[PDB]
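Each remark here refers to the structure printed beneath this line.
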Amino acid sequence: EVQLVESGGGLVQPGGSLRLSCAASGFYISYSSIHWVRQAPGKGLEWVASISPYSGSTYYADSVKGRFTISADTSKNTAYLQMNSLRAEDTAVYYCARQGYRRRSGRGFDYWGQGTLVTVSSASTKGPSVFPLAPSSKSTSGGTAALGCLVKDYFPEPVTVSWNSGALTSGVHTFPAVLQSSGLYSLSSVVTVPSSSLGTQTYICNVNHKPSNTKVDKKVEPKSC
Amino acid sequence: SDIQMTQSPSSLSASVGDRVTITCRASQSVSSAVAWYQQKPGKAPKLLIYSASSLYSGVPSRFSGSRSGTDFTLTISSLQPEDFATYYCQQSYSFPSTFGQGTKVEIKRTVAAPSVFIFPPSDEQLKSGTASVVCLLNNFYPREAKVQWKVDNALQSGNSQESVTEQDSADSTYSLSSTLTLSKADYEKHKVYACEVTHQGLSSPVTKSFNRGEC
RNA sequence: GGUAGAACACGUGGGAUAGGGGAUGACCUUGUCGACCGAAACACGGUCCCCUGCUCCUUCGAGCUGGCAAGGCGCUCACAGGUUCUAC
């Protein structure tokens with residue numbers, strides 16, 4: 001089970017440093033090339049750097065030359081990307097990818113990581129407020145009703161929203177965050193459920209914000225009417 | 001000079017079962033060391049094509065890749081509802097390796113009217129000192145839609161935000177949220193609040209309203 | 001001490017247009033320009049000539065070219081000279 005787990009990303013001041021780690025499992029990085037590629041929010045994939053398996057040769061992009069440094073540990077089986085003098089241009093989700101074997105595939109990156117977010121901003125961290133959007137009593141007695149949660153006034157990205165501790169997936173819609181005028185982020189997560197089960201099934205939304213270490217399990221109940 | 005790869009088009013929308021081709025032109029000769037990746041919104045890219053003309057093990061046969069000198073074509077013979085993503089070409093001929101601008105492939109669908117719901121501010125939010133009223137447009141197509149807010153039968157502008165989800169991979173629909181934010185004093189100063197939605201799937205603007213303080 | 005010859009290692013000056021109806025010394029190194037392997041884009045270790053040519057008593061054989069370029073060595077021609085040996 002080839003997998004890459006990344007870590008070390010977060011909020012960095014404009015000009016600081018940060019070291020991202022990329023642990024591998026199911027294979028040894030000593031026999032493969034490891035690439036780092038970044039993606040700014042709403043932009044395309046940008047190749048950052050790469051390190052080769054038997055020589056340790058490194059290659060960097062013209063926009064991160066000198067500031068960034070890619071490395072790898074065979075004994076710990078983990079790649080690293082040390083970035084210094086970070087600017088707003090470097091705010092992005094960073095992925096580490098394994099360049100597949102030359103017989104099986106070619107020079108393409110067969111396995112990738114889920115990525116880690118790096119925000120280069122001098123703004124501060126704020127935990128979100130979670131409010132229930134209860135199903136309306138006057139909904140014309142439809143077959144299905146809608147209920148959700150509003151996650152408002154937090155910074156920076158991201159928040160993880162689930163339902164029933166990750167038990168309700170079908171019909172769930174977690175809208176992308178919207179940067180409002182207060183510099184904070186706000187989003188909603190709604191779900192469509194049969195209205196005949198609002199009085200029996202308990203619907204709870206679970207919101208996690210790791211940058212502020214705030215977890216909220218907000219129960220959504222329809223108001224008495 | 002590094003090797004830039006111009007991808008074409010930047011976006012398209014094809015029907016289910018359609019044959020979609022995406023081209024990628026290299027600035028110079030890159031041999032056959034190009035790859036085609038598929039990336040879901042907020043997800044890790046998957047390797048679809050390696051070595052220009054070879055599909056990665058496990059990729060369905062509907063994906064294919066071809067090379068004509070510096071041009072590289074990624075084809076989908078019969079588009080599927082699960083093929084919604086941004087596709088990228090990446091050269092591995094020399095360092096620094098570069099990607100393409102990307103082609104966000106949309107799935108064309110029959111027009112579907114939205115389901116409109118409205119949510120008044122929570123009591124917890126009223127305790128916090130603000131009031132955000134939410135308007136939900138669920139499961140519709142196409143993505144274009146207009147939402148207006150009426151506070152005591154009066155239009156609002158500038159004090160409302162909106163967000164749009166990505167296409168579902170089983171129905172190719174969209175969902176839109178519209179949040180109108182006010183202070184507690186401004187929310188309590190008025191009475192009725194209405195969300196008016198105009199969409200192509202509707203023959204008349206659908207209005208969902210509520211009187212504050214009443215259920 | 002002389003004459004003549006040979007075997008070596010040399011010096012100088014030259015020589016090398018052409019591959020299936022036949023190129024090359026199918027040497028060494030470097031640069032290069034390509035594909036493909038070893039878990040391997042660079043570095044490391046390798047592969048890419050059936051025929052044909054050359055070599056050899058690996059002789060139904062066996063060994064030496066992915067291409068190009070330069071340099072070195074080698075092959076060949078001429079001019080002598082040096083060392084050793086042989087004969088008179």
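Chain labels A, B, ... are given in the sequence in which chains occur in the structure tokens; within each chain residues are numbered consecutively from 1, and ligands are likewise numbered from 1 in the order shown.
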Can you tell me which residues surround residue 27 (chain C) at a distance of at most 12 Å, considering only C-alpha atoms (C1' of nucleotides), apart from same-chain residues fewer than 5 positions away, and format the answer as a PDB file with N, CA, C and O atoms (P, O5', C5', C4', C3', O3' and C1' of nucleotides), in the first residue's frame?
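Writing the result to selection01.pdb gives the following:
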```pdb
ATOM      1  P     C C  64      33.560  -8.899 -28.245  1.00  0.00           P
ATOM      2  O5'   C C  64      34.821  -8.011 -28.634  1.00  0.00           O
ATOM      3  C5'   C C  64      34.712  -6.605 -28.714  1.00  0.00           C
ATOM      4  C4'   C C  64      35.426  -6.057 -29.920  1.00  0.00           C
ATOM      5  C3'   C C  64      34.578  -5.203 -30.837  1.00  0.00           C
ATOM      6  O3'   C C  64      34.361  -3.905 -30.323  1.00  0.00           O
ATOM      7  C1'   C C  64      35.896  -6.680 -32.126  1.00  0.00           C
ATOM      8  P     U C  65      32.883  -3.471 -29.876  1.00  0.00           P
ATOM      9  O5'   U C  65      32.097  -3.382 -31.253  1.00  0.00           O
ATOM     10  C5'   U C  65      30.896  -2.641 -31.348  1.00  0.00           C
ATOM     11  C4'   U C  65      31.074  -1.445 -32.246  1.00  0.00           C
ATOM     12  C3'   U C  65      29.811  -0.681 -32.617  1.00  0.00           C
ATOM     13  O3'   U C  65      29.432   0.263 -31.624  1.00  0.00           O
ATOM     14  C1'   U C  65      31.167  -1.029 -34.549  1.00  0.00           C
ATOM     15  P     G C  72      46.988  13.968 -31.754  1.00  0.00           P
ATOM     16  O5'   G C  72      47.132  12.687 -30.818  1.00  0.00           O
ATOM     17  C5'   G C  72      47.640  12.807 -29.497  1.00  0.00           C
ATOM     18  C4'   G C  72      47.514  11.511 -28.739  1.00  0.00           C
ATOM     19  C3'   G C  72      48.158  10.295 -29.387  1.00  0.00           C
ATOM     20  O3'   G C  72      49.555  10.219 -29.173  1.00  0.00           O
ATOM     21  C1'   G C  72      45.979   9.739 -28.688  1.00  0.00           C
ATOM     22  P     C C  73      50.500   9.551 -30.286  1.00  0.00           P
ATOM     23  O5'   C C  73      50.145   7.999 -30.214  1.00  0.00           O
ATOM     24  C5'   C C  73      50.473   7.232 -29.066  1.00  0.00           C
ATOM     25  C4'   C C  73      49.736   5.917 -29.039  1.00  0.00           C
ATOM     26  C3'   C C  73      50.028   4.956 -30.182  1.00  0.00           C
ATOM     27  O3'   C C  73      51.220   4.213 -30.005  1.00  0.00           O
ATOM     28  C1'   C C  73      47.700   5.129 -29.899  1.00  0.00           C
ATOM     29  P     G C  74      52.086   3.778 -31.286  1.00  0.00           P
ATOM     30  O5'   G C  74      51.103   2.837 -32.124  1.00  0.00           O
ATOM     31  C5'   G C  74      50.757   1.539 -31.660  1.00  0.00           C
ATOM     32  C4'   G C  74      49.648   0.923 -32.480  1.00  0.00           C
ATOM     33  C3'   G C  74      49.961   0.667 -33.947  1.00  0.00           C
ATOM     34  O3'   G C  74      50.693  -0.529 -34.153  1.00  0.00           O
ATOM     35  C1'   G C  74      47.854   1.722 -33.767  1.00  0.00           C
ATOM     36  P     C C  75      51.758  -0.629 -35.352  1.00  0.00           P
ATOM     37  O5'   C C  75      50.857  -0.676 -36.667  1.00  0.00           O
ATOM     38  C5'   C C  75      49.987  -1.772 -36.921  1.00  0.00           C
ATOM     39  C4'   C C  75      49.250  -1.603 -38.226  1.00  0.00           C
ATOM     40  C3'   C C  75      50.118  -1.282 -39.434  1.00  0.00           C
ATOM     41  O3'   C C  75      50.677  -2.439 -40.025  1.00  0.00           O
ATOM     42  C1'   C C  75      48.306   0.228 -39.351  1.00  0.00           C
TER      43        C C  75
END
```
Could you list, with a cut-off of 12 Å and counting only C-alpha atoms, the residues of region 6-74 of chain A near region 103-119 of chain B, each shown with its nearest atom pair and the distance in Å rounded to one decimal, rows sorted by chain and ascending number, as a tab-separated table?
```
residue	atom	partner	partner_atom	distance
A:42	CA	B:104	CA	11.6
A:43	CA	B:104	CA	11.3
A:44	CA	B:103	CA	9.4
A:45	CA	B:103	CA	11.5
```
Deliver the residues from the most recent selection as a file, using C-alpha atoms, as a PDB file, in the first residue's frame.
```
ATOM      1  CA  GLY A  42      -7.464  28.483  -7.432  1.00  0.00           C
ATOM      2  CA  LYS A  43      -4.377  28.034  -9.639  1.00  0.00           C
ATOM      3  CA  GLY A  44      -2.693  25.169 -11.466  1.00  0.00           C
ATOM      4  CA  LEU A  45      -0.025  22.712 -10.409  1.00  0.00           C
TER       5      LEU A  45
END
```
Identify all chain A residues at most 7 Å from chain B by counting only C-alpha atoms; ligands do not count. Present them as a PyMOL selection string.
chain A and resi 44-47+59-61+105-110+112-114+131-133+175-176+178+223-225
Write the residues of the selection above to a file with C-alpha atoms, as a short mmCIF file (atom, residue, chain, number, x, y, z; two decimals), in the first residue's frame.
```cif
data_model
loop_
_atom_site.label_atom_id
_atom_site.label_comp_id
_atom_site.auth_asym_id
_atom_site.auth_seq_id
_atom_site.Cartn_x
_atom_site.Cartn_y
_atom_site.Cartn_z
CA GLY A 44 -2.69 25.17 -11.47
CA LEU A 45 -0.03 22.71 -10.41
CA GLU A 46 3.42 24.30 -10.04
CA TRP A 47 6.51 22.08 -9.98
CA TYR A 59 16.60 20.25 -9.07
CA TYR A 60 14.64 23.41 -8.29
CA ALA A 61 12.30 25.83 -10.02
CA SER A 105 5.65 3.47 -15.78
CA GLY A 106 7.95 6.09 -17.28
CA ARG A 107 8.92 9.36 -15.59
CA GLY A 108 5.38 10.06 -14.41
CA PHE A 109 4.39 10.54 -10.79
CA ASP A 110 2.31 7.44 -10.05
CA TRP A 112 0.92 11.46 -4.70
CA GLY A 113 0.20 12.86 -1.26
CA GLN A 114 -2.87 14.63 0.06
CA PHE A 131 -24.21 27.75 14.29
CA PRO A 132 -27.02 25.29 13.44
CA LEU A 133 -29.19 25.91 10.37
CA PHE A 175 -19.49 24.94 0.26
CA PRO A 176 -16.04 26.47 -0.27
CA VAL A 178 -15.77 32.81 1.39
CA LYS A 223 -37.40 24.68 16.39
CA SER A 224 -40.76 24.07 18.04
CA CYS A 225 -43.68 25.24 15.89
#
```
With a distance cut-off of 8 Å and only C-alpha atoms (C1' of nucleotides), select the neighbouring residues of region 54-56 of chain A, excluding the residue or stretch itself and same-chain residues fewer than 6 positions from it, and output the selection as JSON, numbers by chain.
{"A": [30, 31], "C": [40, 42, 43]}
Output C-alpha atoms (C1' of nucleotides) of each residue in that selection to a file, as a PDB file, in the first residue's frame.
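Final file, result08.pdb:
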```pdb
ATOM      1  CA  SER A  30      16.086   5.427  -1.696  1.00  0.00           C
ATOM      2  CA  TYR A  31      15.055   3.688  -4.949  1.00  0.00           C
TER       3      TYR A  31
ATOM      4  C1'   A C  40      18.537   4.421 -11.661  1.00  0.00           C
ATOM      5  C1'   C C  42      22.171  13.797 -13.715  1.00  0.00           C
ATOM      6  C1'   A C  43      26.433  10.838 -11.355  1.00  0.00           C
TER       7        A C  43
END
```
For region 149-154 of chain A: contacts at 7 Å, only C-alpha atoms (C1' of nucleotides), fewer than 6 positions along chain excluded, given as a ChimeraX atom specification:
/A:126-133,184-190,205
Save out the residues we just selected, N, CA, C and O atoms, as an mmCIF file, in the first residue's frame.
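So result.cif came out as:
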```cif
data_model
loop_
_atom_site.group_PDB
_atom_site.id
_atom_site.type_symbol
_atom_site.label_atom_id
_atom_site.label_comp_id
_atom_site.auth_asym_id
_atom_site.auth_seq_id
_atom_site.Cartn_x
_atom_site.Cartn_y
_atom_site.Cartn_z
ATOM 1 N N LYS A 126 -7.740 32.508 14.314
ATOM 2 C CA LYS A 126 -9.013 32.641 15.009
ATOM 3 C C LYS A 126 -9.831 31.374 14.819
ATOM 4 O O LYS A 126 -9.972 30.885 13.694
ATOM 5 N N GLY A 127 -10.366 30.849 15.917
ATOM 6 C CA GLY A 127 -11.239 29.702 15.869
ATOM 7 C C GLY A 127 -12.628 30.081 15.402
ATOM 8 O O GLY A 127 -13.110 31.191 15.645
ATOM 9 N N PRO A 128 -13.297 29.163 14.716
ATOM 10 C CA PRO A 128 -14.605 29.478 14.137
ATOM 11 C C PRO A 128 -15.740 29.357 15.143
ATOM 12 O O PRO A 128 -15.632 28.710 16.186
ATOM 13 N N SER A 129 -16.847 30.004 14.798
ATOM 14 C CA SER A 129 -18.116 29.829 15.489
ATOM 15 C C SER A 129 -19.018 28.948 14.635
ATOM 16 O O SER A 129 -19.122 29.148 13.419
ATOM 17 N N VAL A 130 -19.655 27.968 15.270
ATOM 18 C CA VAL A 130 -20.495 26.992 14.587
ATOM 19 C C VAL A 130 -21.936 27.231 15.009
ATOM 20 O O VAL A 130 -22.263 27.159 16.200
ATOM 21 N N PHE A 131 -22.798 27.509 14.032
ATOM 22 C CA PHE A 131 -24.206 27.751 14.285
ATOM 23 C C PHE A 131 -25.064 26.737 13.537
ATOM 24 O O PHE A 131 -24.740 26.372 12.403
ATOM 25 N N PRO A 132 -26.155 26.261 14.139
ATOM 26 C CA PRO A 132 -27.016 25.295 13.444
ATOM 27 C C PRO A 132 -28.012 26.002 12.534
ATOM 28 O O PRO A 132 -28.640 26.988 12.928
ATOM 29 N N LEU A 133 -28.142 25.500 11.305
ATOM 30 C CA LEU A 133 -29.189 25.914 10.374
ATOM 31 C C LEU A 133 -30.240 24.811 10.413
ATOM 32 O O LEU A 133 -30.143 23.809 9.702
ATOM 33 N N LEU A 184 -11.705 37.314 7.792
ATOM 34 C CA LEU A 184 -11.926 35.951 8.246
ATOM 35 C C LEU A 184 -12.663 35.153 7.174
ATOM 36 O O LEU A 184 -13.117 35.691 6.161
ATOM 37 N N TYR A 185 -12.776 33.849 7.406
ATOM 38 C CA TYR A 185 -13.424 32.945 6.469
ATOM 39 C C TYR A 185 -14.760 32.467 7.022
ATOM 40 O O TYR A 185 -14.950 32.353 8.236
ATOM 41 N N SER A 186 -15.690 32.190 6.112
ATOM 42 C CA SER A 186 -17.008 31.706 6.491
ATOM 43 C C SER A 186 -17.520 30.771 5.408
ATOM 44 O O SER A 186 -17.413 31.074 4.217
ATOM 45 N N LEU A 187 -18.069 29.636 5.830
ATOM 46 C CA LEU A 187 -18.670 28.691 4.903
ATOM 47 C C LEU A 187 -19.865 28.028 5.571
ATOM 48 O O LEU A 187 -20.145 28.240 6.753
ATOM 49 N N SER A 188 -20.571 27.217 4.790
ATOM 50 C CA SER A 188 -21.697 26.443 5.281
ATOM 51 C C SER A 188 -21.572 25.013 4.781
ATOM 52 O O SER A 188 -20.886 24.735 3.794
ATOM 53 N N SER A 189 -22.237 24.101 5.486
ATOM 54 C CA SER A 189 -22.340 22.710 5.059
ATOM 55 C C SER A 189 -23.769 22.248 5.288
ATOM 56 O O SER A 189 -24.227 22.202 6.432
ATOM 57 N N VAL A 190 -24.464 21.908 4.208
ATOM 58 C CA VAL A 190 -25.867 21.523 4.271
ATOM 59 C C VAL A 190 -26.007 20.052 3.890
ATOM 60 O O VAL A 190 -25.098 19.437 3.332
ATOM 61 N N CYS A 205 -23.358 17.951 13.188
ATOM 62 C CA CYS A 205 -22.246 18.330 12.329
ATOM 63 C C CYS A 205 -20.980 18.473 13.163
ATOM 64 O O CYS A 205 -21.003 19.038 14.261
#
```
Give me every strand (DSSP E or B) residue in region 71-183 of chain B, going by DSSP on the backbone, as number ranges by chain.
B: 71-76, 85-91, 99-100, 103-108, 112, 115-119, 130-141, 146-151, 155, 160-164, 174-183
Which neighbours of residue 83 (chain A) fall inside 6 Å, counting only C-alpha atoms (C1' of nucleotides), when residues of the same chain fewer than 6 positions from it are skipped, and could you give them as an NGL selection string?
:A and (17-18 or 67-68)
Write a file of the just-selected residues containing N, CA, C and O atoms, as a tab-separated table (two decimals), in the first residue's frame.
```tsv
chain	number	residue	atom	x	y	z
A	17	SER	N	10.57	31.02	7.90
A	17	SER	CA	10.98	29.74	7.34
A	17	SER	C	10.05	28.64	7.84
A	17	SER	O	9.29	28.83	8.79
A	18	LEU	N	10.12	27.49	7.19
A	18	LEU	CA	9.28	26.35	7.54
A	18	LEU	C	9.80	25.12	6.82
A	18	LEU	O	10.22	25.20	5.67
A	67	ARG	N	16.10	29.87	-2.11
A	67	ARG	CA	15.26	29.95	-0.92
A	67	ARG	C	14.87	28.56	-0.43
A	67	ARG	O	14.87	28.30	0.78
A	68	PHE	N	14.54	27.66	-1.35
A	68	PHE	CA	14.07	26.33	-1.00
A	68	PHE	C	15.22	25.33	-1.06
A	68	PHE	O	16.23	25.55	-1.73
```
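Proximity ranking of A:39, A:1, A:49, A:104 relative to chain C places A:104 first, based on only C-alpha atoms (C1' of nucleotides).
Remark: for chain C, the closest of the candidate residues A:182, A:21, A:202, A:57 is A:57 (distances computed over only C-alpha atoms (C1' of nucleotides)).
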Calculated over only C-alpha atoms (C1' of nucleotides), which of the candidates C:20, C:25, C:15, C:34 has the smallest distance to chain B?
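Answer, going by the shortest atom-to-atom distance: C:34.
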